[PDB]
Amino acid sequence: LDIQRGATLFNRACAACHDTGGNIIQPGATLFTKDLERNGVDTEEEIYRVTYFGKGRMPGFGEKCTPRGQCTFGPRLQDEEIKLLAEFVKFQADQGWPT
């Protein structure tokens, strides 16, 4: 994957909530491997799905995310952007979110 492009997109679309792989809103639902595993989402395909459709307090970002209330009120992300993000998150989680 394009690490730098992924990092740039993550840093503007995700980082304020998932700061350095964390979760400033919801303890226990970080992007670290152990939390992803406990939540049943430690795969690229599952990370993509939750990014696309959202879950609870997390908005989803997909073009076809529905209904409006469960999705970002900002611009939707393209499929290719969400794929890049899912690959980036999986890679970072595998690496332990290096600083």
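All residue numbers refer to positions in the sequence shown, first residue = 1.
- For the pair 61-69 and 39-47, the record assigns the higher mean C-alpha temperature factor to 61-69.
- Here the stretch with the larger average CA B-factor, out of 88-96 and 3-11, is 3-11.
- Sort the chain's modelled residues by C-alpha temperature factor and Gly54 lands in the middle third, per the entry.
- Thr20 sits in the middle third of its chain by CA B factor, as recorded in the PDB entry.
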